[PDB]
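Take a look at the structure below.
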Amino acid sequence: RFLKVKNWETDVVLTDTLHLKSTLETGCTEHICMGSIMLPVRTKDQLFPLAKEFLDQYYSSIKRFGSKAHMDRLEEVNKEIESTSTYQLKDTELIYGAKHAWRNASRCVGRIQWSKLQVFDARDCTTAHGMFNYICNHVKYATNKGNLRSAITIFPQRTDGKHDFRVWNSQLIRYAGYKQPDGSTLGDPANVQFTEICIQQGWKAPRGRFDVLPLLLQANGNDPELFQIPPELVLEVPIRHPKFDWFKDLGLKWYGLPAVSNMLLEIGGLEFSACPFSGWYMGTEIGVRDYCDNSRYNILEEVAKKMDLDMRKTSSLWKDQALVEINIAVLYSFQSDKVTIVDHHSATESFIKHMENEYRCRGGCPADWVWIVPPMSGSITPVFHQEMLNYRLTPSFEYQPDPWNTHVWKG
Amino acid sequence: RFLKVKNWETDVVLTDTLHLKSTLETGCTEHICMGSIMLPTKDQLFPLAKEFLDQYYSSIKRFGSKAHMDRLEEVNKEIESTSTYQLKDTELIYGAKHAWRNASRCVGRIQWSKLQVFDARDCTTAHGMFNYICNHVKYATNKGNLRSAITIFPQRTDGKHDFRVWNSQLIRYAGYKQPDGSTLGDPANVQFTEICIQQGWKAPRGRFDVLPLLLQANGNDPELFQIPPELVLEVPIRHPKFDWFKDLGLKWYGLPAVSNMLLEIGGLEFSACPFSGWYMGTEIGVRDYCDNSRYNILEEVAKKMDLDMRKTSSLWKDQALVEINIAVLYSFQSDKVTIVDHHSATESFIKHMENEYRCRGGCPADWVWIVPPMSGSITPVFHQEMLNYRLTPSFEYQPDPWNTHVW
Ligand code: HEM
Ligand code: HEM
Ligand SMILES: Nc1ccc2ccc(CCNCCc3cccc(Cl)c3)cc2n1
Ligand SMILES: Nc1ccc2ccc(CCNCCc3cccc(Cl)c3)cc2n1
Ligand SMILES: C[C@H](O)[C@H](O)[C@H]1CNc2nc(N)[nH]c(=O)c2N1
Ligand SMILES: C[C@H](O)[C@H](O)[C@H]1CNc2nc(N)[nH]c(=O)c2N1
Ligand SMILES: [Zn+2]
């Protein structure tokens, strides 16, 4: 079956056949759409089919489908599953899998870049200090003095569910949050719970507004250990505005490297529970969400105050005015310090070209509209006007429960 | 089967049970989500009638009363011999209010229970329809103090005697293709404008020409009528600080009055049911003015503001967008014409969702449409999970009549 999507600004119609290869479920039914819901041990039984599908995809990608090398690989993986109950991926297959998990990431607007991904194989890692060393190298490589490069580091796969590698941080680099006795928060409110765990585990909190959190690292199912990323490795950008000189006096800064570290990478039925990956920021991530969400730094009032806007009526659009200024400031600061960043016009335009190319060469591009449309100026970006189909392909990145909810403490 | 929706800004969690009463399908399957697709007999009619009357009699606390059973009997008799049936006024009014209540794409539903319903089922000719429509326009406009209303023409019979308003809204501006190849006026209406012109309309060929009405009674050929200009309330657009803004020559009309939808109540189809409320500012300032395939004025405005249009990263489009929108709101307010900003409307919608969850067990909501086309994450609806599903009575889209009509 063929499925058409229309852009209502250009009248370009595209045809999706890729959705046929989808297996995993959406959450939706014929009677309910769950499209806006944030989150809607394997045995050899389920394993060999998942391995086979993956290797068929990999061998097709290299124009060796049905070859002797393809068939010998299937046989070898199959032996390995029944005798050991799991299997190991070749390097080439790991690289292919990690790239494809990105290619298949329907909430990611930056996928035009999917084929340029530096894969660091850390499957020989055994200890938390070993993990720290791998993460450091990743941060240094990805940072590249401001000229950001996409990278993923892949720790050993899950075995019995009891020896998991996990990075406890949600991102490699994030600012601490501290709930104060009077109920105000110092720093980033999103990271209060995590901050609390760090303190308990023995971190000495500097207790300021922008303290870089320590890494909390779990190797091989053991209790996690704390490490401080060398400050010299953490690139940061002070935020100033091109026209407003008081902007600097707000005391704002952000880090340059967005590095998600809490997702699970699934490849051929194997589960890589620690697979931190990084790219570079779209400006609205910081300016709209991190700074202006009510649940985050929440700077809108204090910025509009200093611009002396009319704040007595929401219909003056004082919030919308302050919002644009803060986002100009974020983009200006990053560009001036030569740290890679993309604005939301440029990123969405690239995405639309990526998506058209993908329908052409691949037969589809799964896309989650709710997430692809940027959180400001939605309809003046081309994605707002693009119909999109959302479905789940493997390899994939998946959410997993926060490790502190599940970890069995060894003491 | 009992579903949770969470607000991620406030942590409030609501449980939805109302979805279990859904009949119609979504377009989605367990394998594919179609949330962003814009458009995704006697034997049949009695279950539809029963389901409707059941919810009606339940709403007036008379489920399982003699009067309930009698009506089911009476409508059932009427279907058997006439192959259709007629709604009592009270059922009709309930049905229309509930179609709005169930409109999952409408952010303005906190108002659903204050809807003035005009029964035009006695209408027979296009002149008749023109009269009812002018009366609707004058009533709703209320000199700028807008009131919600719907006018309901006779229901579909054998489908060869359909009542239709060919216009997409009662009040819209003309669109003309130029010798240049550019477009004068509103590009969205270019085709309907040619239909009017080929029908007889002498077009003024300007930027902001109110279209005539093209009205179809009883499957006959549609006829043209100008709405008395005095009944069309328009607002010249100025900025509260940019003097030069008025020089742009922008204006918009006060009454948003959608006229091409189909109202389904209890299996009965009302193919002409024009309805109106009032505008949220972004519909005009973000979509009508700034869409690339609409009036598309961002470039002219940014220029007058002397913004650096060299790089997208100066956010010049975003800056111009905010000012256009402050101006739309300012103009309507200064002229005392009802308008709501997107911060106010979305705050209202959250309050409405909570009311519906409490009183009704849920609220169908389409996040893709409810989140405003600017400043999304700074409105509370952005952070609100929503379940989308289809309840009846409903408003539905239907084919443009010119692809259907037999001349
Ligand atoms: C190279 C520059 C990149 C840009 C500009 C970019 C842009 C984005 C943005 C703006 C989001 C939404 C983030 C949010 O609202 O929380 C996102 C989501 C995502 N991207 Fe990227 N991306 C990039 C690279 C990557 C890489 C390297 C990967 C992994 C290999 C990745 C995988 C994802 C995933 C899995 C999500 C969804 C996360 C979730 O559901 O919470 N992207 N992307
Ligand atoms: C009272 C003020 C009202 C406000 C502020 C309002 C707000 C809105 C807005 C902003 C939209 C999105 C429109 C678009 O982007 O094209 C919408 C959609 C809609 N509203 Fe309303 N609404 C109001 C009254 C009404 C009334 C009186 C009805 C019917 C009785 C109605 C039924 C609908 C329907 C059916 C849609 C979706 C139409 C479609 O799918 O194309 N609304 N509403
Ligand atoms: N610039 C980039 C690049 C890659 C990214 C990859 C992933 C992400 C999103 C990670 N944040 C999780 C947000 C979230 C998801 C679900 C629930 C909650 Cl509370 C919060 C952002 C990215 N930004
Ligand atoms: N302020 C209001 C009140 C009620 C409304 C009721 C409906 C509408 C939308 C009417 N236009 C339909 C837009 C559309 C939908 C699907 C396809 C296409 Cl081409 C165009 C706007 C409203 N605005
Ligand atoms: C409830 C809603 O699904 C949720 O707020 C989503 C909306 N769209 C988003 N889009 C992106 N990119 N990131 C987000 O965190 C969200 N949040
Ligand atoms: C493709 C996408 O579904 C389409 O552009 C939608 C998005 N959200 C919308 N939201 C509203 N309120 N009105 C619209 O016309 C649209 N268009
Ligand atoms: Zn869906």
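Residues in the structure tokens are named by chain (A, B, ... in the order shown) and by number from 1 within that chain; ligands are numbered from 1 in the order shown.
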
Chain A contacts to chain B at 6 Å (only C-alpha atoms) as a list in words
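Taking only C-alpha atoms into account, residues 25, 26, 27, 28, 29, 30, 31, 32, 33, 34, 35, 36, 37, 295, 315, 343, 375, 376, 377, 378, 379, 387, 389, 390 and 391 of chain A sit within 6 Å of chain B.
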
Same residues, N, CA, C and O atoms, saved as an mmCIF file, in the first residue's frame:
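Result written to selection.cif:
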data_model
loop_
_atom_site.group_PDB
_atom_site.id
_atom_site.type_symbol
_atom_site.label_atom_id
_atom_site.label_comp_id
_atom_site.auth_asym_id
_atom_site.auth_seq_id
_atom_site.Cartn_x
_atom_site.Cartn_y
_atom_site.Cartn_z
ATOM 1 N N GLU A 25 4.824 -0.789 17.446
ATOM 2 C CA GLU A 25 3.519 -0.108 17.492
ATOM 3 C C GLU A 25 3.602 1.375 17.884
ATOM 4 O O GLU A 25 4.555 1.781 18.541
ATOM 5 N N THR A 26 2.620 2.176 17.452
ATOM 6 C CA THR A 26 2.631 3.646 17.674
ATOM 7 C C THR A 26 2.013 4.107 18.992
ATOM 8 O O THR A 26 2.399 5.138 19.548
ATOM 9 N N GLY A 27 1.053 3.356 19.500
ATOM 10 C CA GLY A 27 0.209 3.878 20.575
ATOM 11 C C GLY A 27 -1.165 4.256 20.041
ATOM 12 O O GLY A 27 -2.141 4.182 20.769
ATOM 13 N N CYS A 28 -1.249 4.652 18.771
ATOM 14 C CA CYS A 28 -2.547 5.032 18.172
ATOM 15 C C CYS A 28 -3.364 3.812 17.790
ATOM 16 O O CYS A 28 -2.829 2.733 17.614
ATOM 17 N N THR A 29 -4.673 3.992 17.670
ATOM 18 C CA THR A 29 -5.576 2.988 17.087
ATOM 19 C C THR A 29 -6.506 3.679 16.074
ATOM 20 O O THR A 29 -6.419 4.893 15.896
ATOM 21 N N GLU A 30 -7.411 2.927 15.437
ATOM 22 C CA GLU A 30 -8.404 3.529 14.523
ATOM 23 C C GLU A 30 -9.375 4.442 15.271
ATOM 24 O O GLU A 30 -10.083 5.231 14.645
ATOM 25 N N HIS A 31 -9.388 4.341 16.605
ATOM 26 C CA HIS A 31 -10.340 5.084 17.450
ATOM 27 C C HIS A 31 -9.725 6.185 18.340
ATOM 28 O O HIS A 31 -10.444 7.015 18.909
ATOM 29 N N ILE A 32 -8.398 6.200 18.448
ATOM 30 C CA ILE A 32 -7.710 7.230 19.219
ATOM 31 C C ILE A 32 -6.322 7.547 18.654
ATOM 32 O O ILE A 32 -5.574 6.631 18.297
ATOM 33 N N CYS A 33 -6.007 8.840 18.532
ATOM 34 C CA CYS A 33 -4.660 9.276 18.150
ATOM 35 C C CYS A 33 -3.941 9.734 19.384
ATOM 36 O O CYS A 33 -4.454 10.590 20.139
ATOM 37 N N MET A 34 -2.763 9.147 19.586
ATOM 38 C CA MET A 34 -1.934 9.415 20.751
ATOM 39 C C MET A 34 -0.737 10.229 20.336
ATOM 40 O O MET A 34 0.312 10.257 21.032
ATOM 41 N N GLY A 35 -0.876 10.902 19.196
ATOM 42 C CA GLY A 35 0.251 11.607 18.596
ATOM 43 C C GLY A 35 0.891 12.672 19.472
ATOM 44 O O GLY A 35 2.044 13.035 19.235
ATOM 45 N N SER A 36 0.175 13.187 20.487
ATOM 46 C CA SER A 36 0.799 14.200 21.385
ATOM 47 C C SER A 36 1.210 13.691 22.787
ATOM 48 O O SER A 36 1.619 14.479 23.635
ATOM 49 N N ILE A 37 1.119 12.388 23.013
ATOM 50 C CA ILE A 37 1.531 11.801 24.282
ATOM 51 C C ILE A 37 3.058 11.680 24.255
ATOM 52 O O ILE A 37 3.627 11.109 23.312
ATOM 53 N N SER A 295 8.793 26.052 33.645
ATOM 54 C CA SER A 295 9.459 25.004 34.428
ATOM 55 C C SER A 295 10.987 24.972 34.384
ATOM 56 O O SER A 295 11.608 24.053 34.955
ATOM 57 N N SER A 315 -2.065 40.846 25.705
ATOM 58 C CA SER A 315 -2.351 41.222 24.317
ATOM 59 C C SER A 315 -1.402 42.277 23.746
ATOM 60 O O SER A 315 -1.466 42.574 22.553
ATOM 61 N N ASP A 343 19.975 28.050 13.414
ATOM 62 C CA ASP A 343 18.704 28.686 13.731
ATOM 63 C C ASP A 343 17.579 27.788 13.203
ATOM 64 O O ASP A 343 17.827 26.903 12.383
ATOM 65 N N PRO A 375 9.369 25.429 18.590
ATOM 66 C CA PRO A 375 8.486 25.890 19.664
ATOM 67 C C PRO A 375 8.220 27.399 19.661
ATOM 68 O O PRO A 375 7.545 27.913 20.564
ATOM 69 N N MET A 376 8.759 28.094 18.665
ATOM 70 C CA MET A 376 8.370 29.466 18.338
ATOM 71 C C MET A 376 8.226 29.573 16.810
ATOM 72 O O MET A 376 8.823 28.765 16.054
ATOM 73 N N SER A 377 7.402 30.532 16.375
ATOM 74 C CA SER A 377 7.310 30.922 14.981
ATOM 75 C C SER A 377 6.962 29.752 14.079
ATOM 76 O O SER A 377 7.322 29.747 12.893
ATOM 77 N N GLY A 378 6.219 28.798 14.632
ATOM 78 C CA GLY A 378 5.855 27.579 13.952
ATOM 79 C C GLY A 378 5.484 27.730 12.477
ATOM 80 O O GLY A 378 6.113 27.102 11.612
ATOM 81 N N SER A 379 4.455 28.521 12.169
ATOM 82 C CA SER A 379 3.952 28.537 10.792
ATOM 83 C C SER A 379 4.820 29.340 9.790
ATOM 84 O O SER A 379 4.550 29.326 8.603
ATOM 85 N N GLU A 387 2.685 17.765 5.757
ATOM 86 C CA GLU A 387 2.133 16.544 6.324
ATOM 87 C C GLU A 387 3.272 15.535 6.510
ATOM 88 O O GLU A 387 4.227 15.543 5.726
ATOM 89 N N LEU A 389 4.332 11.401 8.286
ATOM 90 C CA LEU A 389 3.818 10.133 8.752
ATOM 91 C C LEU A 389 4.745 9.661 9.827
ATOM 92 O O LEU A 389 5.967 9.736 9.666
ATOM 93 N N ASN A 390 4.179 9.202 10.937
ATOM 94 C CA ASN A 390 5.005 8.768 12.035
ATOM 95 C C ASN A 390 4.831 7.277 12.225
ATOM 96 O O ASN A 390 3.703 6.747 12.305
ATOM 97 N N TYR A 391 5.963 6.593 12.213
ATOM 98 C CA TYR A 391 5.999 5.170 12.395
ATOM 99 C C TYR A 391 7.387 4.824 12.850
ATOM 100 O O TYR A 391 8.312 5.633 12.718
#

Write out as a PyMOL selection string which residues come within 8 Å of residue A:155 when counting only C-alpha atoms, dropping same-chain ones fewer than 3 positions away.
chain A and resi 121-125+131+165+272-275

Given the selection you just returned, output its residues as a file containing N, CA and C atoms, formatted as an mmCIF file, in the first residue's frame.
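Output contents, as saved in part_20.cif:
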data_model
loop_
_atom_site.group_PDB
_atom_site.id
_atom_site.type_symbol
_atom_site.label_atom_id
_atom_site.label_comp_id
_atom_site.auth_asym_id
_atom_site.auth_seq_id
_atom_site.Cartn_x
_atom_site.Cartn_y
_atom_site.Cartn_z
ATOM 1 N N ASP A 121 33.458 2.917 19.508
ATOM 2 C CA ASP A 121 33.138 1.593 19.998
ATOM 3 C C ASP A 121 33.753 1.444 21.376
ATOM 4 N N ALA A 122 32.939 1.460 22.436
ATOM 5 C CA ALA A 122 33.477 1.257 23.778
ATOM 6 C C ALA A 122 33.004 -0.045 24.378
ATOM 7 N N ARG A 123 32.814 -1.070 23.545
ATOM 8 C CA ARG A 123 32.326 -2.350 24.074
ATOM 9 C C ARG A 123 33.351 -3.156 24.826
ATOM 10 N N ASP A 124 34.605 -2.711 24.851
ATOM 11 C CA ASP A 124 35.622 -3.396 25.662
ATOM 12 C C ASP A 124 35.684 -2.770 27.086
ATOM 13 N N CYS A 125 34.812 -1.791 27.360
ATOM 14 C CA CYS A 125 34.828 -1.076 28.663
ATOM 15 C C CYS A 125 34.347 -1.983 29.794
ATOM 16 N N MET A 131 34.624 4.035 31.665
ATOM 17 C CA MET A 131 33.551 4.846 31.076
ATOM 18 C C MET A 131 33.863 6.334 31.068
ATOM 19 N N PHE A 165 25.248 -1.323 31.756
ATOM 20 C CA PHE A 165 25.998 -0.080 31.731
ATOM 21 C C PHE A 165 24.954 1.029 31.601
ATOM 22 N N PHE A 272 21.670 -1.585 23.793
ATOM 23 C CA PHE A 272 22.814 -0.807 24.302
ATOM 24 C C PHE A 272 22.254 0.303 25.177
ATOM 25 N N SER A 273 22.277 0.048 26.481
ATOM 26 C CA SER A 273 21.630 0.897 27.476
ATOM 27 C C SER A 273 22.443 2.158 27.834
ATOM 28 N N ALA A 274 23.688 2.215 27.368
ATOM 29 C CA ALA A 274 24.530 3.399 27.546
ATOM 30 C C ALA A 274 25.187 3.699 26.204
ATOM 31 N N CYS A 275 24.730 4.774 25.578
ATOM 32 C CA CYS A 275 25.078 5.087 24.189
ATOM 33 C C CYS A 275 25.015 6.599 24.001
#

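Note that DSSP on the backbone gives helix (DSSP H, G or I) to these residues of stretch 138-198 of chain B: residues 138, 139, 140, 141, 142, 143, 144, 187, 188, 189, 190, 191, 192, 193, 194, 195, 196, 197 and 198 of chain B.
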
Could you give me, as an MDAnalysis selection string, the residues within 9 Å of residue A:47, counting only C-alpha atoms and dropping anything in the same chain fewer than 6 positions from it?
chainID A and resid 81 85:86 268:270

Those residues with N, CA, C and O atoms, as a PDB file, in the first residue's frame please?
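Writing done, so here's out.pdb:
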ATOM      1  N   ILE A  81      23.709 -17.316  18.911  1.00  0.00           N
ATOM      2  CA  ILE A  81      22.486 -17.159  19.689  1.00  0.00           C
ATOM      3  C   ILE A  81      22.163 -18.451  20.448  1.00  0.00           C
ATOM      4  O   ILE A  81      22.091 -18.435  21.667  1.00  0.00           O
ATOM      5  N   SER A  85      23.184 -17.543  23.603  1.00  0.00           N
ATOM      6  CA  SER A  85      21.884 -16.861  23.826  1.00  0.00           C
ATOM      7  C   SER A  85      21.832 -15.403  23.390  1.00  0.00           C
ATOM      8  O   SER A  85      20.819 -14.727  23.541  1.00  0.00           O
ATOM      9  N   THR A  86      22.934 -14.927  22.839  1.00  0.00           N
ATOM     10  CA  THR A  86      23.034 -13.563  22.404  1.00  0.00           C
ATOM     11  C   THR A  86      24.036 -13.577  21.257  1.00  0.00           C
ATOM     12  O   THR A  86      24.409 -14.661  20.775  1.00  0.00           O
ATOM     13  N   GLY A 268      19.362  -4.894  15.922  1.00  0.00           N
ATOM     14  CA  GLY A 268      19.265  -6.338  15.693  1.00  0.00           C
ATOM     15  C   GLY A 268      18.791  -7.121  16.901  1.00  0.00           C
ATOM     16  O   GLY A 268      19.211  -8.275  17.117  1.00  0.00           O
ATOM     17  N   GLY A 269      17.950  -6.487  17.720  1.00  0.00           N
ATOM     18  CA  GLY A 269      17.444  -7.116  18.932  1.00  0.00           C
ATOM     19  C   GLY A 269      18.372  -6.969  20.137  1.00  0.00           C
ATOM     20  O   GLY A 269      18.001  -7.342  21.246  1.00  0.00           O
ATOM     21  N   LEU A 270      19.580  -6.452  19.923  1.00  0.00           N
ATOM     22  CA  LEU A 270      20.501  -6.146  21.019  1.00  0.00           C
ATOM     23  C   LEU A 270      20.207  -4.778  21.650  1.00  0.00           C
ATOM     24  O   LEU A 270      19.867  -3.837  20.960  1.00  0.00           O
TER      25      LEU A 270
END

Tell me, counting only C-alpha atoms and all ligand atoms, for each residue of chain A within 7 Å of ligand 1, which pair of atoms is nearest and how far apart they are in Å to one decimal, in rows ordered by chain and increasing number, as JSON lines.
{"residue": "A:98", "atom": "CA", "partner": "ligand 1", "partner_atom_place_in_ligand_line": "30 (C)", "distance": 6.7}
{"residue": "A:99", "atom": "CA", "partner": "ligand 1", "partner_atom_place_in_ligand_line": "30 (C)", "distance": 6.5}
{"residue": "A:101", "atom": "CA", "partner": "ligand 1", "partner_atom_place_in_ligand_line": "30 (C)", "distance": 6.9}
{"residue": "A:102", "atom": "CA", "partner": "ligand 1", "partner_atom_place_in_ligand_line": "30 (C)", "distance": 4.5}
{"residue": "A:105", "atom": "CA", "partner": "ligand 1", "partner_atom_place_in_ligand_line": "35 (C)", "distance": 5.2}
{"residue": "A:107", "atom": "CA", "partner": "ligand 1", "partner_atom_place_in_ligand_line": "37 (C)", "distance": 4.8}
{"residue": "A:108", "atom": "CA", "partner": "ligand 1", "partner_atom_place_in_ligand_line": "43 (N)", "distance": 3.8}
{"residue": "A:109", "atom": "CA", "partner": "ligand 1", "partner_atom_place_in_ligand_line": "7 (C)", "distance": 4.8}
{"residue": "A:110", "atom": "CA", "partner": "ligand 1", "partner_atom_place_in_ligand_line": "6 (C)", "distance": 3.9}
{"residue": "A:111", "atom": "CA", "partner": "ligand 1", "partner_atom_place_in_ligand_line": "23 (C)", "distance": 6.4}
{"residue": "A:113", "atom": "CA", "partner": "ligand 1", "partner_atom_place_in_ligand_line": "1 (C)", "distance": 5.9}
{"residue": "A:117", "atom": "CA", "partner": "ligand 1", "partner_atom_place_in_ligand_line": "27 (C)", "distance": 6.6}
{"residue": "A:150", "atom": "CA", "partner": "ligand 1", "partner_atom_place_in_ligand_line": "27 (C)", "distance": 5.0}
{"residue": "A:151", "atom": "CA", "partner": "ligand 1", "partner_atom_place_in_ligand_line": "27 (C)", "distance": 6.0}
{"residue": "A:152", "atom": "CA", "partner": "ligand 1", "partner_atom_place_in_ligand_line": "30 (C)", "distance": 6.3}
{"residue": "A:277", "atom": "CA", "partner": "ligand 1", "partner_atom_place_in_ligand_line": "29 (C)", "distance": 5.3}
{"residue": "A:278", "atom": "CA", "partner": "ligand 1", "partner_atom_place_in_ligand_line": "27 (C)", "distance": 4.8}
{"residue": "A:279", "atom": "CA", "partner": "ligand 1", "partner_atom_place_in_ligand_line": "1 (C)", "distance": 3.8}
{"residue": "A:280", "atom": "CA", "partner": "ligand 1", "partner_atom_place_in_ligand_line": "2 (C)", "distance": 4.5}
{"residue": "A:281", "atom": "CA", "partner": "ligand 1", "partner_atom_place_in_ligand_line": "5 (C)", "distance": 5.1}
{"residue": "A:282", "atom": "CA", "partner": "ligand 1", "partner_atom_place_in_ligand_line": "5 (C)", "distance": 4.9}
{"residue": "A:285", "atom": "CA", "partner": "ligand 1", "partner_atom_place_in_ligand_line": "10 (C)", "distance": 6.2}
{"residue": "A:342", "atom": "CA", "partner": "ligand 1", "partner_atom_place_in_ligand_line": "5 (C)", "distance": 6.5}
{"residue": "A:347", "atom": "CA", "partner": "ligand 1", "partner_atom_place_in_ligand_line": "5 (C)", "distance": 6.9}
{"residue": "A:371", "atom": "CA", "partner": "ligand 1", "partner_atom_place_in_ligand_line": "12 (C)", "distance": 6.4}
{"residue": "A:397", "atom": "CA", "partner": "ligand 1", "partner_atom_place_in_ligand_line": "35 (C)", "distance": 5.4}

Would you put the residues from that selection into a file with N, CA and C atoms, as a CSV table (one decimal), in the first residue's frame?
chain,number,residue,atom,x,y,z
A,98,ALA,N,24.1,2.3,14.4
A,98,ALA,CA,24.0,3.6,15.1
A,98,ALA,C,23.5,4.7,14.2
A,99,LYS,N,24.2,4.8,13.0
A,99,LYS,CA,23.7,5.7,12.0
A,99,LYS,C,22.2,5.5,11.6
A,101,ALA,N,19.8,4.2,13.4
A,101,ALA,CA,19.0,4.6,14.6
A,101,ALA,C,18.8,6.1,14.5
A,102,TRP,N,19.8,6.8,14.1
A,102,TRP,CA,19.6,8.3,14.0
A,102,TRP,C,18.7,8.6,12.7
A,105,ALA,N,15.1,8.3,13.5
A,105,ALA,CA,14.7,9.0,14.7
A,105,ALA,C,13.6,10.0,14.3
A,107,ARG,N,11.5,12.0,15.8
A,107,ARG,CA,11.4,13.3,16.4
A,107,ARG,C,12.6,14.3,16.1
A,108,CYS,N,13.6,13.8,15.3
A,108,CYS,CA,14.9,14.6,15.1
A,108,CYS,C,14.9,15.4,13.9
A,109,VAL,N,14.9,16.8,14.0
A,109,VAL,CA,15.0,17.7,12.9
A,109,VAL,C,16.3,17.8,12.2
A,110,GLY,N,17.4,17.2,12.9
A,110,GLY,CA,18.7,17.4,12.3
A,110,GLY,C,19.2,16.2,11.5
A,111,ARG,N,18.3,15.4,11.0
A,111,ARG,CA,18.7,14.2,10.4
A,111,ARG,C,19.4,14.3,9.0
A,113,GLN,N,22.0,15.2,8.6
A,113,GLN,CA,23.4,14.9,9.0
A,113,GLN,C,23.7,13.4,9.3
A,117,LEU,N,28.6,10.7,11.3
A,117,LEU,CA,28.4,10.3,12.7
A,117,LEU,C,29.6,9.6,13.0
A,150,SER,N,29.3,15.5,15.2
A,150,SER,CA,28.4,14.5,15.7
A,150,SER,C,29.2,13.2,16.1
A,151,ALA,N,28.8,12.7,17.2
A,151,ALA,CA,29.5,11.5,17.7
A,151,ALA,C,28.6,10.6,18.6
A,152,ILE,N,28.8,9.3,18.7
A,152,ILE,CA,28.1,8.5,19.6
A,152,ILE,C,29.2,7.6,20.2
A,277,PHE,N,25.2,10.3,22.8
A,277,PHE,CA,25.5,10.8,21.5
A,277,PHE,C,25.3,12.3,21.5
A,278,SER,N,26.0,13.0,20.6
A,278,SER,CA,25.9,14.4,20.6
A,278,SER,C,25.9,15.0,19.2
A,279,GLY,N,25.3,16.2,19.1
A,279,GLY,CA,25.4,16.9,17.8
A,279,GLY,C,25.8,18.4,18.1
A,280,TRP,N,24.9,19.3,17.7
A,280,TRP,CA,25.0,20.7,18.0
A,280,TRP,C,23.6,21.3,18.1
A,281,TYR,N,23.5,22.4,18.8
A,281,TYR,CA,22.2,23.0,19.2
A,281,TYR,C,21.4,23.6,18.0
A,282,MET,N,20.1,23.5,18.0
A,282,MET,CA,19.2,24.4,17.3
A,282,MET,C,18.9,25.5,18.4
A,285,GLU,N,16.2,25.5,21.2
A,285,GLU,CA,16.4,24.6,22.3
A,285,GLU,C,16.8,25.3,23.6
A,342,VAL,N,22.6,26.2,14.8
A,342,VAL,CA,21.7,26.4,13.7
A,342,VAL,C,20.4,27.1,14.2
A,347,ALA,N,17.4,25.1,9.9
A,347,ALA,CA,17.3,23.7,10.3
A,347,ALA,C,16.0,23.0,9.7
A,371,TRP,N,7.0,17.2,17.4
A,371,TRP,CA,8.3,17.5,17.8
A,371,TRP,C,9.2,18.2,16.7
A,397,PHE,N,16.5,4.5,18.6
A,397,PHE,CA,16.7,5.0,20.0
A,397,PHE,C,15.3,5.0,20.8
